[PDB]
Each structure stands twice: as structure tokens, then as C-alpha cells.
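Presented below is the structure to which this report refers.
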Ligand SMILES: Nc1ncnc2c1ncn2[C@@H]1O[C@H](COP(=O)(O)OP(=O)(O)O)[C@@H](O)[C@H]1O
Ligand SMILES: NNC(=O)c1ccc(-c2ccc(Cl)cc2)o1
Ligand SMILES: [Cl-]
Ligand SMILES: [Cl-]
Ligand SMILES: [Cl-]
Ligand SMILES: [Mg+2]
Ligand SMILES: [Mg+2]
């Protein structure tokens, strides 16, 4: 196992920005291998006190091996920055694709859900829960296949939350926003939120305010536009249950009649 440094890479265009992450296209000099370099500033990490999140990200993501999960090859650091060496996803984020098209048709949506459920089934078999599934963390490979990334919030179930919720509440279940304890079922709630957003163009509990978004989530207040079909409604309604134990298993999602009728990929 080699010990990389910044000197081994030629840096290219910015691929995107996160709260801590500044991601660049890069090429390793000796092999000409194209990859993505996720740069984090140590000062910001220490200030926010999320060293443990970064360690989890490296440990968990580097060991997982699945076509629908982004690879992490390794890491290195200097006096001021930490660098994560990632698989490069050439077709961008699902987020960008959704902004381009406004909404996805039923075939595109069902295919994405199948790929997500496949990846999540792999994760949950190791009792790994992602907890931060949202469009900006879903990347696209050269064949347009979905890949889950950003495992900074991932843990082993069961678990409590010891870190401050930073941004949007839109994809989190009631048990998580209420600081209660949670398990694998949190990812299936998020899967329901995504399926809605893919078809409609916006998440089901969206509001102008943190406080009222919190209210809509804890009370599970959502409605469907007329164009959402009966099959889609059935799947979404099953996933967005307040009681975690009533949410279906991933096998049920993969074998749901609406998924099988519209997805172009299998389990
Ligand atoms: N491997 C990659 N290939 C292409 N783009 C990426 C890759 N990793 C990250 N990005 C872009 O950078 C953004 C931030 O990456 P992410 O790891 O989610 O940062 P953070 O952990 O700070 O949220 C993503 O939303 C995506 O647009
Ligand atoms: N497959 N297992 C690995 O560890 C692996 C495959 C490819 C790479 C890799 C690592 C560093 C750079 Cl710079 C470029 C490629 O690592
Ligand atoms: Cl080397
Ligand atoms: Cl936590
Ligand atoms: Cl979050
Ligand atoms: Mg992210
Ligand atoms: Mg992160």
C-alpha cells in the first residue's frame, strides 16, 4: 500500500463544493489515472469537531465494494488539509440532472430506486446505515448508473445522534429530527422522500422555514399532485410511515409491482 502526497497529482477543474469538501478532478502523474480529490481543511474540521465523521467516511467507504457505491481508494494530508482519493463520477450528480429536467419520468425514477435499493441492501447487510441520502450525494457513472457517495454521516445500527444537524431537514425521518434513537429504517424513509422528489420535482415536506418543515415531517403531512400514478402513491405511502417498524424491507421495494413494471434494471 502506497503513501500518496499532493506531489503525485496534477489538479484540474472543480467538480463541486460541500460544507467541508472541495472536490477537484485530478490525474496521478505516473499512471495517468483519472480520479477525484476531495479536499478538507483541518482547521474547519477541528472547529466543527467532526474528526470522527471523517474517520468513519474513510473506514466504511473504503471497505465496501458494490457497483452502485462510490469507491474510496485512500487518503493523505499535509500541514493544513486532508485529501480523500475518490472514484471519479463523469456524469455528475442526480441533483444537477433534476434541475435540468424539472422531473423524472416513471422509468427513470424506478430505475434509480432499484439501483439505490440494491446499494442500500448491500450496506444494511453489514448494519451500515448512510443517514444522508439526498440528490447531491448521488453520483452518475459513465453508463448513467447511480452511485451512492458521501459516507460522512454513516454509522453502525443501532445509534443515537451526537452531532449537530447542519442544513436541511428535508430527507430525515421523525425519529432522527427528534433526536430519538434510530436504525436501518431511516434510509428507507429517505428512499420514499427521493421517489417523491424524482416524480414531482420537489421533496414532500418542503417549506419556507426550518420550524415548519420540522412540523410537516413529524406529522407526516404530504399530498400528491394529480399526475402521480396509483402505483407510485402506494410505494411512497408505504415508505413514509411515522413508525419505522412499519416501513417495508428493501426486498419488498425491489419486488413492488410498480418498480418491476417500470425499472430497466433488476435486483
Ligand atoms: N467522485 C466524484 N465525482 C464527481 N463529482 C463529485 C465526486 N465527489 C464529489 N463530487 C461533487 O462534489 C460535491 C461535494 O462532495 P461531497 O463528498 O458530498 O462533499 P461533502 O461531504 O462536503 O458534502 C458533490 O455534491 C458533487 O457535486
Ligand atoms: N483496487 N484497489 C485499490 O486499492 C486501487 C485500485 C486503483 C487504485 C488507485 C489508488 C491510488 C491512485 Cl492515485 C490511483 C488508483 O487503488
Ligand atoms: Cl507513490
Ligand atoms: Cl452522530
Ligand atoms: Cl444531515
Ligand atoms: Mg455531500
Ligand atoms: Mg460530508
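Following Swiss-Prot, chain A residues are numbered 125-391, in order.
The backbone N, Cα and C atoms fix where each Cβ goes, and this holds for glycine too.
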Additional site residue, 125, 156, 162, 227 [criterion: listed by Swiss-Prot with 143, 211, 212, 213, 260, 261, 274 for ATP]: 162
From 155, 342, 361, the one Swiss-Prot labels phosphoserine: 342
Say a student had to find the phosphothreonine annotation in Swiss-Prot: which of 288, 337 would be the correct pick? 288
Among 287, 384, which is annotated phosphothreonine in Swiss-Prot? 287
Filtered by Cβ distance under 6 Å to ligand 1, the recorded positions 212, 260, 342 reduce to 212, 260
Would you work out the biggest C-alpha to C-alpha distance among 143, 162, 211, 212, 213, 260, 261, 274, the residues that bind ATP according to the record, and give it in angstrom as a whole number? 20
Within 10 Å of the Cβ of residue 143 (ATP binding site), how many other Cβ atoms can you find? Include all protein chains, please. 11
Nearest of the recorded positions (258, 288, 342) to residue 274 (ATP binding site) - Cα to Cα: 258
